[PDB]
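A.B. asks: One structure is given below, represented as structure tokens, and several questions about it will come after.
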Amino acid sequence: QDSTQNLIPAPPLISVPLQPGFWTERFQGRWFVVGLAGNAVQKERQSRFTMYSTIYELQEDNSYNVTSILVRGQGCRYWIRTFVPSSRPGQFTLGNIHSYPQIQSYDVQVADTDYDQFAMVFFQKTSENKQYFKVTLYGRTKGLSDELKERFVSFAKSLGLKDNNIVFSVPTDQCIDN
């Protein structure tokens with residue numbers, strides 16, 4: 001990090017469509033990263049990025065306790081946070097973002113999410129006039145066909161980004177397989 005001090009074609013939430021049949025519970029469970037795009041993506045040359053699980057678990061008031069998994073220190077560790085439906089279900093903000101110091105706005109849009117099929121998401125993080133934005137490829141398991149992955153890189157370009165900021169899900173050698 002701290003090198004990409006330049007923002008690419010930074011699209012607002014409003015550039016990205018919503019799942020036309022969005023339901024709280026159809027966005028609950030473990031989703032694996034099967035691809036990643038974005039100017040805030042650490043796309044060095046190969047793939048500095050590595051897949052993790054965004055595990056959105058519903059609470060009483062559709063605040064998701066999302067279990068992110070990271071290789072922290074010299075081992076594996078889950079970092080769990082809250083994802084809450086923003087102004088509309090589909091736009092995702094943080095259950096605890098709302099005390100942000102620098103965060104201009106945080107809203108993610110899932111273009112398509114399914115119970116068996118895969119999910120493509122646009123993530124918008126703004127901070128200090130600097131927009132950090134990426135397009136993700138999430139899968140219902142460690143076994144999502146290359147077909148849907150190529151579709152994400154294509155969606156990556158739809159926001160105005162380039163392959164040079166799009167990496168492919170590295171099979172992490174560490175905890176993540178939930």
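Residues are named by chain letter and number: chains run A, B, ... in the order of the structure tokens, numbers start at 1 in each chain, and ligands are numbered from 1 in the order shown.
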Find the spatial neighbours of residue 93 of chain A, counting only C-alpha atoms, within a cut-off of 9 Å - ignore same-chain residues fewer than 2 positions away - and output them as an mmCIF file with C-alpha atoms, in the first residue's frame.
C.D. replies:
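What ended up in result-v2.cif:
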```
data_model
loop_
_atom_site.group_PDB
_atom_site.id
_atom_site.type_symbol
_atom_site.label_atom_id
_atom_site.label_comp_id
_atom_site.auth_asym_id
_atom_site.auth_seq_id
_atom_site.Cartn_x
_atom_site.Cartn_y
_atom_site.Cartn_z
ATOM 1 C CA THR A 82 -20.368 -5.418 10.058
ATOM 2 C CA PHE A 83 -21.994 -4.870 6.669
ATOM 3 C CA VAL A 84 -25.263 -3.019 6.706
ATOM 4 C CA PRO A 85 -27.600 -2.343 3.756
ATOM 5 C CA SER A 86 -27.212 1.327 2.894
ATOM 6 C CA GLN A 91 -25.615 -1.015 -1.461
ATOM 7 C CA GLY A 95 -22.137 -1.492 10.397
ATOM 8 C CA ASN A 96 -19.455 0.637 12.052
ATOM 9 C CA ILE A 97 -18.393 2.927 9.164
ATOM 10 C CA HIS A 98 -20.674 5.639 10.409
ATOM 11 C CA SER A 105 -18.527 7.354 1.771
ATOM 12 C CA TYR A 106 -18.436 3.573 1.750
ATOM 13 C CA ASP A 107 -20.952 1.814 -0.460
ATOM 14 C CA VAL A 108 -20.599 -1.453 -2.317
#
```
A.B. asks: Using only C-alpha atoms, tabulate the residues of segment 18-78 of chain A lying at most 12 Å from any atom of segment 112-124 of chain A, each with its closest atom pair and that distance in Å to one decimal, by chain and increasing residue number, as JSON lines.
C.D. replies:
```
{"residue": "A:18", "atom": "CA", "partner": "A:112", "partner_atom": "CA", "distance": 6.9}
{"residue": "A:19", "atom": "CA", "partner": "A:112", "partner_atom": "CA", "distance": 4.8}
{"residue": "A:20", "atom": "CA", "partner": "A:112", "partner_atom": "CA", "distance": 8.0}
{"residue": "A:21", "atom": "CA", "partner": "A:113", "partner_atom": "CA", "distance": 9.1}
{"residue": "A:22", "atom": "CA", "partner": "A:113", "partner_atom": "CA", "distance": 8.0}
{"residue": "A:23", "atom": "CA", "partner": "A:113", "partner_atom": "CA", "distance": 9.8}
{"residue": "A:24", "atom": "CA", "partner": "A:113", "partner_atom": "CA", "distance": 11.0}
{"residue": "A:25", "atom": "CA", "partner": "A:115", "partner_atom": "CA", "distance": 9.2}
{"residue": "A:26", "atom": "CA", "partner": "A:115", "partner_atom": "CA", "distance": 5.8}
{"residue": "A:27", "atom": "CA", "partner": "A:113", "partner_atom": "CA", "distance": 7.1}
{"residue": "A:28", "atom": "CA", "partner": "A:115", "partner_atom": "CA", "distance": 8.7}
{"residue": "A:29", "atom": "CA", "partner": "A:115", "partner_atom": "CA", "distance": 9.2}
{"residue": "A:30", "atom": "CA", "partner": "A:115", "partner_atom": "CA", "distance": 10.5}
{"residue": "A:31", "atom": "CA", "partner": "A:119", "partner_atom": "CA", "distance": 8.4}
{"residue": "A:32", "atom": "CA", "partner": "A:118", "partner_atom": "CA", "distance": 9.5}
{"residue": "A:33", "atom": "CA", "partner": "A:119", "partner_atom": "CA", "distance": 9.4}
{"residue": "A:34", "atom": "CA", "partner": "A:118", "partner_atom": "CA", "distance": 9.2}
{"residue": "A:35", "atom": "CA", "partner": "A:120", "partner_atom": "CA", "distance": 9.2}
{"residue": "A:36", "atom": "CA", "partner": "A:121", "partner_atom": "CA", "distance": 9.4}
{"residue": "A:37", "atom": "CA", "partner": "A:122", "partner_atom": "CA", "distance": 9.1}
{"residue": "A:38", "atom": "CA", "partner": "A:123", "partner_atom": "CA", "distance": 8.7}
{"residue": "A:39", "atom": "CA", "partner": "A:124", "partner_atom": "CA", "distance": 11.0}
{"residue": "A:40", "atom": "CA", "partner": "A:124", "partner_atom": "CA", "distance": 9.9}
{"residue": "A:41", "atom": "CA", "partner": "A:123", "partner_atom": "CA", "distance": 10.8}
{"residue": "A:54", "atom": "CA", "partner": "A:119", "partner_atom": "CA", "distance": 11.6}
```
A.B. asks: Quick one: DSSP strand (DSSP E) residues in segment 98-155 of chain A, as a ChimeraX atom specification?
C.D. replies: /A:103-112,119-127,130-139
A.B. asks: Given the selection you just returned, output its residues as a file containing N, CA and C atoms, formatted as a CSV table (one decimal), in the first residue's frame.
C.D. replies:
```csv
chain,number,residue,atom,x,y,z
A,103,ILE,N,-13.3,8.8,5.8
A,103,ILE,CA,-14.1,8.1,4.8
A,103,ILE,C,-15.3,9.0,4.3
A,104,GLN,N,-15.1,9.4,3.0
A,104,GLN,CA,-16.1,10.2,2.4
A,104,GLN,C,-17.5,9.5,2.3
A,105,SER,N,-17.4,8.3,1.8
A,105,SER,CA,-18.5,7.4,1.8
A,105,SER,C,-18.0,5.9,1.6
A,106,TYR,N,-18.8,5.0,2.1
A,106,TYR,CA,-18.4,3.6,1.7
A,106,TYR,C,-19.7,2.8,1.4
A,107,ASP,N,-19.8,2.5,0.1
A,107,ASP,CA,-21.0,1.8,-0.5
A,107,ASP,C,-20.5,0.8,-1.5
A,108,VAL,N,-20.9,-0.4,-1.3
A,108,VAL,CA,-20.6,-1.5,-2.3
A,108,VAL,C,-21.9,-1.9,-3.0
A,109,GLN,N,-21.8,-2.2,-4.3
A,109,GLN,CA,-22.9,-2.6,-5.1
A,109,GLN,C,-22.7,-4.0,-5.7
A,110,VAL,N,-23.5,-4.9,-5.4
A,110,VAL,CA,-23.3,-6.2,-6.0
A,110,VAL,C,-24.2,-6.2,-7.3
A,111,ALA,N,-23.5,-6.3,-8.4
A,111,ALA,CA,-24.2,-6.3,-9.7
A,111,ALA,C,-25.1,-7.5,-9.9
A,112,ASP,N,-24.6,-8.7,-9.4
A,112,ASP,CA,-25.4,-9.9,-9.4
A,112,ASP,C,-24.9,-10.8,-8.3
A,119,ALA,N,-21.1,-14.1,-7.7
A,119,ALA,CA,-21.4,-12.7,-7.4
A,119,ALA,C,-20.3,-11.7,-7.9
A,120,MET,N,-20.8,-10.6,-8.5
A,120,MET,CA,-19.9,-9.6,-9.0
A,120,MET,C,-20.2,-8.3,-8.3
A,121,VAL,N,-19.2,-7.7,-7.6
A,121,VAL,CA,-19.4,-6.5,-6.8
A,121,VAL,C,-18.6,-5.3,-7.1
A,122,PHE,N,-19.1,-4.2,-7.0
A,122,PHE,CA,-18.4,-2.9,-7.1
A,122,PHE,C,-18.2,-2.3,-5.7
A,123,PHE,N,-17.0,-2.1,-5.3
A,123,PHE,CA,-16.7,-1.6,-4.0
A,123,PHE,C,-16.2,-0.1,-4.1
A,124,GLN,N,-16.9,0.8,-3.4
A,124,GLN,CA,-16.6,2.2,-3.4
A,124,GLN,C,-16.1,2.7,-2.0
A,125,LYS,N,-14.9,3.0,-1.9
A,125,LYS,CA,-14.3,3.5,-0.7
A,125,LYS,C,-13.7,4.9,-0.9
A,126,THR,N,-14.3,5.9,-0.4
A,126,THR,CA,-13.8,7.3,-0.5
A,126,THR,C,-13.1,7.7,0.7
A,127,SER,N,-12.0,8.4,0.6
A,127,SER,CA,-11.3,8.9,1.8
A,127,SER,C,-10.4,10.1,1.4
A,130,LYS,N,-9.8,11.1,-2.0
A,130,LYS,CA,-9.2,10.0,-2.8
A,130,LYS,C,-10.2,8.9,-2.8
A,131,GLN,N,-10.6,8.5,-4.0
A,131,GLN,CA,-11.5,7.4,-4.2
A,131,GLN,C,-10.8,6.1,-4.4
A,132,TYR,N,-11.1,5.1,-3.7
A,132,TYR,CA,-10.6,3.8,-3.9
A,132,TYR,C,-11.7,2.8,-4.2
A,133,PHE,N,-11.6,2.2,-5.3
A,133,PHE,CA,-12.7,1.6,-6.0
A,133,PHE,C,-12.3,0.3,-6.7
A,134,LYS,N,-13.0,-0.8,-6.5
A,134,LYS,CA,-12.7,-2.0,-7.1
A,134,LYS,C,-13.9,-2.9,-7.5
A,135,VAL,N,-13.7,-3.8,-8.3
A,135,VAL,CA,-14.7,-4.8,-8.7
A,135,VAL,C,-14.3,-6.2,-8.4
A,136,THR,N,-15.1,-6.9,-7.7
A,136,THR,CA,-14.8,-8.2,-7.1
A,136,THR,C,-15.4,-9.3,-7.9
A,137,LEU,N,-14.9,-10.5,-7.8
A,137,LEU,CA,-15.5,-11.7,-8.2
A,137,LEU,C,-15.6,-12.7,-7.0
A,138,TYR,N,-16.8,-12.9,-6.5
A,138,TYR,CA,-17.0,-13.8,-5.4
A,138,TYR,C,-17.7,-15.0,-5.9
A,139,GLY,N,-17.4,-16.1,-5.3
A,139,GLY,CA,-18.0,-17.4,-5.6
A,139,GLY,C,-18.6,-18.1,-4.4
```
A.B. asks: Restricting the calculation to only C-alpha atoms: of A:16, A:175, A:159, A:153, which residue gets closest to residue 74 of chain A?
C.D. replies: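 Residue with the minimum atom-to-atom distance to residue 74 of chain A: A:175.
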A.B. asks: Distance atom CA of residue 178 of chain A-atom CA of residue 71 of chain A, one decimal place?
C.D. replies: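 Those two atoms sit 13.9 Å apart.
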A.B. asks: Please measure the separation of atom CA of residue 43 of chain A and atom CA of residue 168 of chain A, giving the value in Å to one decimal.
C.D. replies: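 These two atoms are separated by 9.3 Å.
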A.B. asks: When you look at residue 69 of chain A with a cut-off of 8 Å (counting only C-alpha atoms), what residues show up, excluding the ones that are within fewer than 2 positions of it in the same chain? I need them as an MDAnalysis selection string.
C.D. replies: chainID A and resid 52:54 67 71 76:80 175:176
A.B. asks: Report the residues of segment 8-72 of chain A whose backbone DSSP state falls under helix (DSSP H, G or I), written as a list in words.
C.D. replies: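 Of segment 8-72 of chain A, the ones in helix (DSSP H, G or I) are residues 13, 14, 15, 24, 25, 26 and 27 of chain A.
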A.B. asks: Save the residues we just selected, N, CA and C atoms, as a compact mmCIF listing (two decimals), in the first residue's frame?
C.D. replies:
```
# COMPACT_ATOMS: atom_id res chain seq x y z
N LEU A 13 -21.18 4.97 -6.93
CA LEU A 13 -22.12 3.85 -6.77
C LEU A 13 -23.08 3.82 -7.95
N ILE A 14 -23.46 4.99 -8.36
CA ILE A 14 -24.52 5.17 -9.33
C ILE A 14 -24.12 4.69 -10.73
N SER A 15 -22.86 4.29 -10.91
CA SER A 15 -22.41 3.72 -12.17
C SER A 15 -22.66 2.21 -12.19
N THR A 24 -32.13 -10.19 1.78
CA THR A 24 -31.11 -10.26 2.82
C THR A 24 -30.45 -11.64 2.89
N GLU A 25 -31.29 -12.67 2.97
CA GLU A 25 -30.83 -14.02 3.23
C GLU A 25 -30.15 -14.65 2.00
N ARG A 26 -30.37 -14.09 0.81
CA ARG A 26 -29.72 -14.62 -0.40
C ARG A 26 -28.35 -13.98 -0.57
N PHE A 27 -27.94 -13.24 0.45
CA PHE A 27 -26.62 -12.65 0.49
C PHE A 27 -25.99 -12.99 1.84
```
